[PDB]
Every structure is written in structure tokens, then in C-alpha cells.
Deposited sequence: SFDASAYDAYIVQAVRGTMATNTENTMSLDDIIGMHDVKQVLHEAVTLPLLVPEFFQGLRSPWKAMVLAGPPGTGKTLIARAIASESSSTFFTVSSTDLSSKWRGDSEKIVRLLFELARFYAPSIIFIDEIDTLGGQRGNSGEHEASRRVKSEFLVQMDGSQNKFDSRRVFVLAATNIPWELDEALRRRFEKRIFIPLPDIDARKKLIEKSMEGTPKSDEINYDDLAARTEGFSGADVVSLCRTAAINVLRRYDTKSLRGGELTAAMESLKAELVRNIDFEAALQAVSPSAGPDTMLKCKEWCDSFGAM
């Protein structure tokens, strides 16, 4: 769908469902909170070799495959799409598990179609799960990958040590993705709370401090909970019936208060275990 590419199968459904041309995703690297060093790495490894190819050849040959390792909800998929937008890269999002349920005919077309679209990025989430007869993909990736090497393959794992040696080989570069610090947390809370009616009474510094072990997904989960705690704070019987009532009309005027974060702060808890972040930090060195 650049020029001409057609091949009979009902598989084109899923592949095009995971594809995003450089037009579709208007993503921005500036729509990410923090990850300065991670943006810096992917920028030099993906964007710059496409803009200055005379410089990035020979001893400066760019990496073809890369793996992002970190606790869950740290933004590995965001940064994958954000660096594909900055570099005019056709984006492919492919979860490892979703393949095992859906498969070998997809991976072939996935790479064949990724190569068809000039520079493109194939993102693979939870590749640690790959390493029953799912050998049709858990290895078909390696033969489609060793041949495809234009096409950059970014992979993501929350369990980086459960990565077998067969995959450790193909992904030499390993970027550790950490948890947002106190300052990045604050901007993440304010970003999630952007267009939500709330009282000015809320202080985003206390929230940034109280959410120590939180990830970016935990922060937005804290925000969704506080926003809906407004509904919980309401009298239930007034909100009953299938017809619109004045009480439901009052629900709209409601602001998110400090109480709503307080309830949410006792509800959501960090999903990034203590020794689990170091599991990635040390693995990215050995």
C-alpha cells in the first residue's frame, strides 16, 4: 500500500491490524515523560542512521535488533512508537503471547511486509515468553530475522533473565528501562490529570513523593482510580435506575479531590517488585 503488494491469505487481516504507517502514528518523542538516556540511545540507533547514512556505515553500521528490558508499564511500547514517528518508520506492534494464540504465516508476512515499507520498526513485546508446537514462531522469528538483516527490530521483556541464550544472541544491545523518579512522576500525574475536573487543593508534589515504586502505568492507574472514586464517594441509591436523574446530573460537576487520591493511594500499589528492577539492571551488564 505504498506501491504494489498483494498476497492471497486471510492473514493480511492481522498483519495490517498491527501495522502503522509513518502517517498513522503522529506520535512525538516529546510525548514521553523522562527516559532521556533511552531516547538518546534509540535516537542515535534508529533516527540518525536514517538521516545521515553516509556516516552510519562500515565501522558505524547501525544495530538491526535491540531489546528493551525493564519493569512493566515503564513505557517500552511508547518509546517504540515514538522513535518510529521521529524516524519516519513504519511501525509493527506484535506481542509474543498474541502470536501463540493466533501464526507462522504472520511472521513471514510481518517481516516481508516490514521490508516492503522502506525503513520500518518491528516491535516485539514480552519476547521472554517465547524463550505444544509453537516452535512454528518461537524459531520462525529467528529465521525471518537472521535473513531480514532498513528493518529494525525492537523487543521488550519484563523478565530479561528468562531470556534463553538463543535469543540473547540475536539481541546484543540491551537497554535498561527504569522507573520514573520523583520528578518524572509529578509530570506524569499532571499529564494524566490534564483535562479532568479537579480541585486546585491537590498538590502534585505529595503525590509524586507518595508513589515511590510506581511505574508510568501505575501512575495513570492511580489517576483513573481517584477519578472514579468520585463515583464511589456518591450515595449509591440516588444513582439507580435506567432513566436519567438529577443525581447523575450532579455527578458531572464533581471534582477529583485529595480524598480521591487518598482512597486510590490505598488501593493501587506498585507492580514493580523491589528485587525485580535490579533483575534487569544487572542483566543488562552480564
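Going by the record, the unmodelled stretches of the deposited sequence, in order, are 103 to 106, 136 to 144, 163 to 168, 306 to 309.
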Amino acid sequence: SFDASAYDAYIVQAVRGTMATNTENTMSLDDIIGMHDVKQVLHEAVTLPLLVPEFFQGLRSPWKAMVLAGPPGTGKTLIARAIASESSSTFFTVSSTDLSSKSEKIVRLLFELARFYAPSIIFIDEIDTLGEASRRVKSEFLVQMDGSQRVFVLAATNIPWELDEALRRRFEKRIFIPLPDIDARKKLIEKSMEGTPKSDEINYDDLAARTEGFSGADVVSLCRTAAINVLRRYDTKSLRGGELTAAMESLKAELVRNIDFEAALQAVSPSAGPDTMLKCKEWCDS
From here on, numbers count along this sequence of modelled residues.
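For the pair 31 to 39 and 47 to 55, the mean B factor over Cα atoms is greater in 31 to 39.
Averaged over Cα atoms, the B-factor as recorded in the entry is higher for 105 to 113 than for the other of 105 to 113 and 150 to 158. Comparing C-alpha B-factors across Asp206, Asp125, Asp164, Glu86 in the deposited entry, the largest value falls on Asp164. In the PDB entry, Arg136 places in the highest third of its chain by CA B-factor.
When the modelled residues of the chain are ordered by their C-alpha B factor, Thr93 lands in the middle third. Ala82: CA B factor in the lowest third of modelled residues in this chain (values from the PDB entry).
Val143: CA B factor in the highest third of modelled residues in this chain (values from the PDB entry). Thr236 sits in the middle third of its chain by CA B factor, as recorded in the PDB entry.
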